[PDB]
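Here the structure is laid out as structure tokens; the discussion comes afterwards.
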Amino acid sequence: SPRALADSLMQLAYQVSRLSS
Amino acid sequence: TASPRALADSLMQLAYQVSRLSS
Amino acid sequence: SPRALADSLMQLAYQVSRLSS
Amino acid sequence: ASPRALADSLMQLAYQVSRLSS
Numbered sequence: 011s012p013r014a015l016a017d018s019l020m021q022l023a024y025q026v027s028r029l030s031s
Numbered sequence: 402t403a404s405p406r407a408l409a410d411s412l413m414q415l416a417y418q419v420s421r422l423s424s
Numbered sequence: 011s012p013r014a015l016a017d018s019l020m021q022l023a024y025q026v027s028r029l030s031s
Numbered sequence: 017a018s019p020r021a022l023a024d025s026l027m028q029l030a031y032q033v034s035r036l037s038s
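Next up, the structure:
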């Protein structure tokens, strides 16, 4: 579902924000 | 390659758009 | 890992492409 | 934006994410 995919993308966005260059 | 912060901000904005799609 | 997150994102991108406007 | 366009953008972002570091 769109909502399930959006939830997953939001979680991944926060994880990506904790990476480094 | 963009920064982690810029990529995360982009992903967040896309996630909000995805949520408005339909099955 | 960046690779694992990127692979997850690619899978999600493909699923998004199969959604409807 | 269309599902196709959003998917293209997400794919582009995934390629970039793969070049980041832990």
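Protein sequences appear in the order of chains A, B, C and D.
Just so we're aligned, residue 11 is where the first sequence starts under this note's numbering, counting upward by one.
Just so we're aligned, residue 402 is where the second sequence starts under this note's numbering, counting upward by one.
Just so we're aligned, residue 11 is where the third sequence starts under this note's numbering, counting upward by one.
Just so we're aligned, residue 17 is where the fourth sequence starts under this note's numbering, counting upward by one.
Backbone N, C-alpha and C define an ideal beta-carbon position, used for all residues, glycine too.
Through-space distance from residue j to residue i, alpha-carbon basis
i                      : j                      : result
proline 19 (chain D)   : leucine 29 (chain C)   : 6 Å
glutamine 21 (chain C) : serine 18 (chain A)    : 11 Å
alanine 16 (chain A)   : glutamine 32 (chain D) : 19 Å
residue 490 (chain B)  : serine 424 (chain B)   : The structure shown does not extend to residue 490 (chain B), since chain B is modelled only from 402 through 424, so no value can be given for it.
Below-8 Å beta-carbon distance, residue i vs any chain C residue
i                   : result
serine 18 (chain A) : yes
C-beta neighbour in chain B for residue i, strict 8 Å
i                     : result
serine 31 (chain C)   : yes
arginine 20 (chain D) : no
Assigned secondary structure, residue i (DSSP; H/G/I helix, E/B strand, else coil)
i                    : result
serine 27 (chain A)  : coil
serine 411 (chain B) : helix
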